[PDB]
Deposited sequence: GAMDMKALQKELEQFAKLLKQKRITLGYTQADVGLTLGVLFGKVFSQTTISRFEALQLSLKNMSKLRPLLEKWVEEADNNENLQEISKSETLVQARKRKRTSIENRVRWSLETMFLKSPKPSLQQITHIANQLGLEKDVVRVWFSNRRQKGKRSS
C-alpha cells in the first residue's frame, strides 16, 4: 500500500545517492560499474541502466530488483530495408502464419524468434 510505497521510495532516493557518492570517491564510471557487476555476478549492465538507476528514472519495482546487486557492488568496492520488408508483411498480415514467419526469417537471414517478437512489438505500437 501507500505506506510501503513512500518508505520504499525514500529508501531508494537515499541508496541511489550513496551509490553515486561511492562510485565517484572510488574512481568508477557508470560504464565501469555495469561491466564490474558482470565480473562479480556474470551479469553485465549497460552505462544506461546505471544512469537511470542513479537519476530514479527506473520503475520502483526495477530499482528494488537491482538494489541488492548494487549493494553487493558497494560492499566489494570498500573491500531499415529489413524493416521495410517486415512492414509490408505486417500490412498484409498483422498476426502472421508460422510458415510465413519461417520463410521471411531464412529469406532476410534472421531466426524465427526475432521475427515473431518484431511483429508483437509492432502490434503493440497501435495507440
{"item": "Segments lacking C-alpha coordinates (deposited sequence numbering, starting at 1)", "value": "80-104, 153-155"}
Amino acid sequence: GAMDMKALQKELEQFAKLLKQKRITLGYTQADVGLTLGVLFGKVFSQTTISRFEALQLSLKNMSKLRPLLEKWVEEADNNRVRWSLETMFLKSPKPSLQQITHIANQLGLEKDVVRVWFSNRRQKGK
From here on, numbers count along this sequence of modelled residues.
item: Mean Cα B-factor comparison, 108-116 or 16-24, giving the higher one as deposited; value: 108-116
item: Between the two ranges 47-55 and 80-88, the one averaging a larger CA B factor in the entry; value: 80-88
item: Top Cα B factor in the deposited entry, candidates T36, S97, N62, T29; value: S97
